[PDB]
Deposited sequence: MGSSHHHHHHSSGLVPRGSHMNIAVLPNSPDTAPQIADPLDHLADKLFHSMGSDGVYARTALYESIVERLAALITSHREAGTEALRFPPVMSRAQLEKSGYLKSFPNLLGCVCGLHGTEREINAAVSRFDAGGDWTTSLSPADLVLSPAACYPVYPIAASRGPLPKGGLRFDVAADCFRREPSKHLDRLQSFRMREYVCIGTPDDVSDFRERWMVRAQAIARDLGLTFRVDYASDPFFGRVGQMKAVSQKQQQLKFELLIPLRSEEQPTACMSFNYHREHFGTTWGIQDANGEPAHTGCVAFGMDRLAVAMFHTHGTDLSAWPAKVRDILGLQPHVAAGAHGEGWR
């Protein structure tokens, strides 16, 4: 695979495909890309940072389990009595399986950064005119094992979320599809925005025929507004959309494009990232 040699300077193996330790070089770039996304944050956007886990009931209610049940990472634990837990560990010692004593927790590993934001916005009552804007981030999980550096199991997602009327969401989606292209241009990245309701900014990483989706522009209709009872300023079920940045894909795209030597990156690129 073309991306393969990148691993030497960017990652260390953790004994699981798509789960890697990140070097100081790789992390410095993710942080600079994060800071660059932040610099493009619109006024009146509330920044929230989510942990890698979220409510299982919220995710179930959000319709994920129907669309990608195979990708969901659920949190399980040993929730039994001290005797049951000790017996599970003793089975492990005697060459058996301790995992039979696991039971699901009330938590899942988040498959997308924005999911927890919709119940949060709903708890505040009706939306003001113009709606709400959020800046969210989380370490996401998708059970898709691969040896390719642009397909991970654990990866960072950063998003700008619009909650309001279809007009609010439409104007937001239009502004962001323009802005995200200007960002990738500033980064010296080669791309095309194509259809995937869903648009993706695709960057050739292995092939020009099979490019990698490094950003997404999603429209959810009134799906989340209806699910959570989010009322817009006119008392109607709210519409939602989100602009998502694949932090790890963007970082891998940067290294594939410009190489692992930061001193040799273009001056404009180095300038916009504050290098």
The deposited sequence goes unmodelled at 1-37, 234-253, 333-346
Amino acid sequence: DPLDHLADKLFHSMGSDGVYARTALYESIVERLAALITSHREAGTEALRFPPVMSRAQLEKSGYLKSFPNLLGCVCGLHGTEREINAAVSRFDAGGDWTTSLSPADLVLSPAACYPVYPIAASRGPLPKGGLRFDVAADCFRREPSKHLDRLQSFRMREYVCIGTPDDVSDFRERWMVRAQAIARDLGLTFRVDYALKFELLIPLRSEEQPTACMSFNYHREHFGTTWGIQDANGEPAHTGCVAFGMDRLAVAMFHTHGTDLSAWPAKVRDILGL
From here on, numbers count along this sequence of modelled residues.
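Only the largest set of C-alpha atoms that superpose within 1.5 Å between the two forms is called the rigid core.
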Core-superposed comparison in 8 other deposited structures of this protein: bigger Cα RMS shift among 86-94 and 121-129 is in 86-94
Stretch farther from shown form by Cα RMS in 8 other deposited structures of this protein, picked from 32-40 and 63-71 after core fit, is 63-71
Higher of the two mean Cα B-factors (243-251, 39-47; per PDB record) comes from 39-47
Mean Cα B-factor check, 94-102 vs 183-191, entry values; winner is 183-191
Of the residues 114, 132, 108, 196, the one whose Cα carries the largest B-factor in the deposited record is 196
For 33, 57, 233, 214, the deposited C-alpha B-factor is largest at 233
Residue 228: CA temperature factor from the record, placed by chain third, in the middle
Tertile call for residue 175 (CA temperature factor, within chain, third-based) is the middle
So, residue 65's CA B-factor, relative to its chain, sits in which third? The highest
On the chain's distribution of Cα B-factors, residue 79 falls within the third called middle
Of the three thirds of the chain ranked by Cα temperature factor, residue 208 occupies the highest
